[PDB]
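S.K.: Numbering (the deposited numbering), first residue to last: 7 to 79, 93 to 281, 433 to 582.
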DNA sequence: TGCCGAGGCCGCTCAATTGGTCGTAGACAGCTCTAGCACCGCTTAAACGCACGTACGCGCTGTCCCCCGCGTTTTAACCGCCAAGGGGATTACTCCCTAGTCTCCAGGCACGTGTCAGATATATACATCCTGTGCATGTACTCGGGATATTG
Ligand SMILES: Nc1ncnc2c1ncn2[C@@H]1O[C@H](COP(=O)(O)OP(=O)(O)O)[C@@H](O)[C@H]1O
């Protein structure tokens with residue numbers, strides 16, 4: 007039976023939890039598309055004690071017009100396909116986050132910040148995100164990095180130079196990232212235009228067509244439960260669906276999702443039987459052709475990037491296949507990935523598949539551990555004055571960050 | 001009996017359709033126009049469409065309560081028929097008049113340009129006309145009783 011989600015927690019703090027040693031403790035801000043995750047670096051403690059503000063990245067303002075609201079509670096959100104592209108709907112998302120974390124007082128946030136961004140970020144987008152940050156909030160110095168690569172940095176066996184493929188899958192994108200000597204080989208990195216949002220959207224539209232008698236009973240927040248709790252990824256889809264074909268297996272494995280009641435009441439207050447549907451929603455990232463979409467999918471793409479290298483460095487970078495982010499949470503994901511990988515390697519060769527320690531939070535914990543180390547490496551950060559000579563389309567090439575290129579944007 | 005008378009099958013000859021072959025004449029497809037002026041691309045400052053609670057108007061709804069429907073059959077002539085008669089619609093011919101062709105011939109006017117005006121649009125101020133509302137009676141109605149008209 008379905009549950010309902012929680013809302014409106016009580017995060018309130020003093021003006022700044024400044025510890026011993028250096029006073030400018032940075033904010034660690036994972037600016038996610040599904041949800042934002044934000045908090046103080048809190049140095050000198052091994053386990054990250056409190057990743058506060060776990061909240062959905064969505065805002066309310068309706069037919070009333072005169073007000074808007076920002077916490078977990093018609094709706095809007097600041098992103099287009101995992102790049103932020105909104106003005107004040109970004110501000111009132113930052114404002115919520117700062118106010119609930121506490122801030123000093125004066126006409127700026129006194130603390131430096133580390134902020135996640137898109138695997139590639141359009142130059143205009145980076146420029147705007149820098150302007151909307153330095154101008155309005157007055158931050159002293161800033162760092163941009165990629166969610167996935169922070170999660171890798173967290174999960175590495177050692178704080179040392181590495182190579183691998185990162186497999187990442189968030190709200191509206193999945194990416195395959197080849198990395199060599201700690202550097203993202205962004206020349207031949209690739210992404211797929213699908214993700215967990217689109218899975219839920221498909222599972223919704225399926226069950227709407229299965230039970231037209233009660234369109235209103237099924238809605239995204241209930242699709243979330245069946246997709247998180249009750250769905251799994253096949254080892255081989257055309258074989259799973261084949262064992263699902265016989266009634267004696269079906270009845271033993273179909274999921275009985277009881278709606279809340281007011433004929434045994436199921437003619438409207440149905441038990442929403444999900445069978446094959448609990449496979450067809452996860453599978454979208456491996457076979458986007460279950461939707462209309464003609465793209466290679468996470469299987470053909472991995473082969474298509476992996477055959478663009480010399481045969482020795484393939485055998486190097488496949489030694490660390492890493493799973494992180496959103497959709498990798500499905501049960502069975504490691505097994506499907508390592509089976510699909512076994513067919514596309516030399517007959518006796520070796521590979522290894524690692525799953526992130528906490529697939530959803532390790533991006534933030536990574537950004538924490540990174541900033542807490544690189545406090546004083548002033549070649550890594552963008553300082554407030556640099557933004558006055560370099561127009562905002564500028565970045566500092568540390569590991570776990572997008573590849574910079576010399577370029578400039580006309581503005582007046 | 002008879003005879004034959006009446007009787008039942010098969011090549012000429014003509015008269016539409018049908019399809020074929022002859023040759024020749026504009027009219028169709030196409031080219032090059034060429035030429036130019038519309039389509040487009042490129043900006044601009046622009047109007048008007050459109051996605052979106054809430055007051056709330058009325059579309060739809062649960063009751064009882066009766067005529068007109070619903071059912072029958074007698075009959076009543078309506079409608080159908082067939083057969084006969086008369087002509088008038090029809091057919092086939094001969095004489096006849098003009099429909100149609102072409103050709104010459106003119107100027108009527110429909111065509112076209114050449115200028116630029118009285119026209120009507122658009123704004124601002126505005127007063128006024130017109131709508132929506134609220135509000136008495138006056139009639140057009142439904143009924144009952146009797147006179148006149150008309151059917152059988
Ligand atoms: N436990 C889970 N099982 C399955 N899917 C999950 C789970 N938790 C989150 N997701 C999916 O993860 C996606 C969001 O992941 P996230 O890393 O926050 O995205 P991003 O970094 O792009 O904002 C959502 O589409 C959601 O459906």
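A virtual CB, placed ideally from N, CA and C, is assigned to each residue, including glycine.
Quick one: which unbroken alpha helix (DSSP H) runs of 4-plus residues sit fully inside the stretch 174 to 259? Chain order, please.
M.R.: Counting whole runs of 4 or more residues, the stretch 174 to 259 contains the alpha helix (DSSP H) stretches 215 to 229, 239 to 248.
S.K.: What is the rounded straight-line gap between the Cα of residue 248 and the Cα of residue 219?
M.R.: Using only the alpha carbons, I get a separation of about 13 Å.
S.K.: Quick one: does the C-beta of residue 39 sit closer than 7 Å to a heavy atom of ligand 1?
M.R.: Yes, the beta carbon of residue 39 sits closer than 7 Å to at least one heavy atom of ligand 1.
S.K.: Within the continuous beta strand (DSSP E) that includes residue 164, where are the two ends?
M.R.: Unbroken beta strand (DSSP E) run through residue 164: 160 to 165.
S.K.: If you draw a straight line from the alpha carbon of residue 461 to that of residue 548, how long is it in whole angstroms?
M.R.: Between residue 461 and residue 548, the C-alpha separation is close to 47 Å.
S.K.: On the three-pair Cβ rule with 8 Å, is the stretch 166 to 178 touching the stretch 536 to 553?
M.R.: The stretch 166 to 178 is in contact with the stretch 536 to 553.
S.K.: Taking Cβ to Cβ, would you say residue 119 is nearer than 8 Å to residue 59?
M.R.: It is a contact, given that the beta carbons lie within the stated cut-off.
S.K.: Should residue 247 be counted as a contact of ligand 1 given a C-beta to heavy atom distance under 7 Å?
M.R.: Yes - ligand 1 has a heavy atom lying nearer than 7 Å to the Cβ of residue 247.
S.K.: Roughly how many whole angstroms lie between the Cα atoms of residue 50 and residue 27?
M.R.: In a straight line, the C-alpha of residue 50 is about 10 Å away from that of residue 27.
S.K.: By alpha-carbon positions, which one of 484, 455, 251, 475 ends up nearest to residue 446?
M.R.: Comparing Cα-Cα distances from residue 446 to each of 484, 455, 251, 475, the minimum goes to 251.
S.K.: Could you tell me the distance, in whole angstroms, from the CA atom of residue 234 to the CA atom of residue 105?
M.R.: When rounded, the distance between both Cα atoms is 32 Å.
S.K.: Going by DSSP in three states, residue 498 sits in which element: helix, strand or coil?
M.R.: It is helical.
S.K.: Shorter than 7 Å, the distance from the beta carbon of residue 572 to the closest heavy atom of ligand 1, or not?
M.R.: It does not: the Cβ of residue 572 is nowhere closer than 7 Å to a heavy atom of ligand 1.
S.K.: Can you list, in chain order, the residues of its chain whose CB lies under 7 Å from that of residue 480, leaving out five sequence neighbours each side?
M.R.: Nothing listed; no residue qualifies.
S.K.: Let me know if residue 265 comes out buried or exposed under the rule of 16 or more other beta-carbons within 10 Å of its beta-carbon.
M.R.: Residue 265 is exposed by the Cβ-count criterion.
S.K.: I want to check one thing, is the minimum distance from the CB of residue 138 to the heavy atoms of ligand 1 below 7 Å?
M.R.: Checking the Cβ of residue 138 against ligand 1 gives no.
S.K.: Using a threshold of 7 Å, is the CB atom of residue 495 nearer than that to any non-hydrogen atom of ligand 1?
M.R.: Checking every heavy atom of ligand 1 against the Cβ of residue 495, one is found closer than 7 Å.
S.K.: If we ignore side chains and look at the alpha-carbon of each, how far apart do residue 230 and residue 556 end up?
M.R.: Taking the straight line from one Cα to the other gives about 58 Å.
S.K.: Which residues does DSSP list as the beta-bridge partners of residue 65?
M.R.: Looking at the DSSP assignment, residue 65 forms a beta bridge with 95.
S.K.: Look at the alpha carbon of residue 133 and the alpha carbon of residue 43, and state the distance between them as a whole number of angstroms.
M.R.: The alpha-carbon atoms of residue 133 and residue 43 are separated by roughly 12 Å.
S.K.: According to the neighbour-count rule (16 or more other Cβ atoms, all chains shown, within 10 Å of its Cβ), is residue 153 buried or exposed?
M.R.: When all chains shown are included, residue 153 counts as buried.
S.K.: Straight-line CA distance for residue 67 to residue 515?
M.R.: Distance between the alpha carbons of residue 67 and residue 515 is about 52 Å.
S.K.: Using a Cβ-Cβ cut-off of 7 Å (strictly less than) and excluding sequence neighbours within five positions of residue 240, which residues of its own chain qualify?
M.R.: Result list for residue 240: 11, in chain order.
S.K.: CB of residue 101 to nearest heavy atom of ligand 1: below 7 Å?
M.R.: Because some heavy atom of ligand 1 lies under 7 Å away, the Cβ of residue 101 counts as near it: yes.
S.K.: First and last residue of the beta strand (DSSP E) that includes residue 132?
M.R.: Element bounds for residue 132: 132 to 136.
S.K.: In the DSSP assignment, find the beta strand (DSSP E) that holds residue 506 and state where it starts and stops.
M.R.: Taken as a continuous stretch (DSSP letters only), residue 506 belongs to no beta strand (DSSP E), being part of the alpha helix (DSSP H) at 503 to 512.
S.K.: Helix or strand or just coil, what does DSSP make of residue 446?
M.R.: Here residue 446 sits in coil by DSSP.
S.K.: Using the DSSP secondary-structure output, state which residues sit across from residue 41 in a beta bridge.
M.R.: Answer is 62, bridged to residue 41.
S.K.: I want to check one thing, is the minimum distance from the CB of residue 11 to the heavy atoms of ligand 1 below 7 Å?
M.R.: Checking every heavy atom of ligand 1 against the Cβ of residue 11, none is found closer than 7 Å.
S.K.: For residue 451, I'd like the list of residues in its chain whose CB is within less than 7 Å of its CB, leaving aside the five on either flank, ordered along the chain.
M.R.: Answer for residue 451: 218, 221, 222, 246, 250, listed in chain order.
S.K.: Heavy atom of ligand 1 less than 7 Å from the Cβ of residue 281, yes or no?
M.R.: The answer is no for residue 281.
S.K.: Which word fits residue 527, buried or exposed, when buried means at least 16 other C-beta atoms lie within 10 angstroms of its C-beta?
M.R.: Residue 527 should be labelled exposed.
S.K.: Where do the N-terminal and C-terminal ends of the alpha helix (DSSP H) with residue 109 fall, by residue?
M.R.: Element bounds for residue 109: 107 to 120.
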